[PDB]
């Protein structure tokens, strides 16, 4: 009756806080267990594995996992979440003496610690001489989230975090655009709950 369970396809952690990704298994006999990571655009890399030796298994980069047979668990931890920990993690188990079976995966989202948020909506112009534009909602903290638009002619992306290494500076942003003649950046994010102090230039 062998399986491996990860719950939450997407999970969050605060930057600097304890990382904890849960995995449970169904096997009467203790199995071997594995944690793989997949950084975007790439293949799978082994972080660590339980192979019936040490119960506390240490892996690359501060990762560790404790095999706990009495609650059929093998949770992956790391003491502090860094922006570079953003990836998909897979728990996996040995099965039928002949193969590895994989959990469904959990993507870890790291919420940057934004101590001086400066929420704003900017208009950006095409570098080429159309008067085509996009709207950029930026510099809000992680209490803000962006909704998909009401209007099927207005396109709004998910929020994305960038890490400017030059200035050790992270920020959130979403982009909105439309081909409609009535479309203004003042209205682009009207379906999102934005900070009351959002800067709206000009």
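Positions refer to the first chain, counted from 1. Basically, rigid core = biggest C-alpha set you can superpose within 1.5 Å across the two forms.
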In 8 other deposited structures of this protein, rigid core aligned: more displaced of 95-103 and 125-133 by C-alpha RMS | 125-133
Out of 187-195 and 174-182, which one has CA B-factors that are higher on average in the deposited record?
-> 174-182
Per the entry, where is the mean C-alpha temperature factor higher: 39-47 or 135-143?
-> 39-47
Report the option among 85, 71, 88, 118 whose CA atom has the maximum B-factor in the deposited record.
-> 71
Go through 107, 75, 104, 128 one by one and give the residue whose Cα B-factor in the PDB entry is largest.
-> 128
Chain-relative C-alpha B factor for residue 65 (record values, thirds): the middle
How does residue 29 rank on Cα B-factor within its chain, lowest, middle or highest third?
-> highest
Binned into thirds over the chain's modelled residues, the C-alpha B-factor of residue 114 lands in the highest
Lowest, middle or highest third: where is residue 54 by Cα B-factor in its chain?
-> highest
Could you tell me which third, lowest, middle or highest, the C-alpha B-factor of residue 164 occupies within its chain?
-> middle
